[PDB]
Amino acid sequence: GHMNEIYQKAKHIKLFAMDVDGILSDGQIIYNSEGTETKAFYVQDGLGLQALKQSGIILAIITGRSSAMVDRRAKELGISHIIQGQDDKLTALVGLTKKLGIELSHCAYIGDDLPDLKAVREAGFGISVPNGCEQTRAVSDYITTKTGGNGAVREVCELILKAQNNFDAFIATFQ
């Protein structure tokens, strides 16, 4: 019943910012006996992000943790705004608005836990996921059907493209 409300918020998005753990991954933090840390991403999310970028949308990562894995994933996907070691997601997002000349109302943010709440609440289009905390889900404009690390990002990428009448055009390039 909220589809066109969601569409109106997504239609004006010029910047798409994302949390990592629980969004681009299923939230697993993986350590081994040699001190090495591991993180897993989802292939379909990659193509979804490529689609947004192709449509002219600026991509950003804002995470409280810091790893080479995030740097590597961001670089291969052409995400050039990689903010790590930053729990205060909203201040980081506002920082980007000033850096890039994009209004906050034209920014999307997807997050899963409490550090993401304010950014999800205050962004033009705030998104969460089924396994997100209840409080961040409560302030979201949209909650994905697919879970983090299992297509949540791909799903909201398609949603934004649809709201901007760019989805069918993108699909047609593969047909």
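Position 1 is the first residue in the sequence shown; the rest follow in order.
- The mean Cα B-factor in the deposited entry runs higher for 52-60 than for the other of 37-45 and 52-60.
- Between the stretches 68-76 and 98-106, it is 98-106 that shows the larger average CA temperature factor.
- Per the deposited coordinates, the residue with the largest Cα temperature factor out of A17, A152, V20, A10 is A10.
- The deposited CA B-factor of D26 belongs to the lowest third of values across its chain.
- Remark: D116 belongs to the lowest third of its chain, ranked by C-alpha B-factor as recorded.
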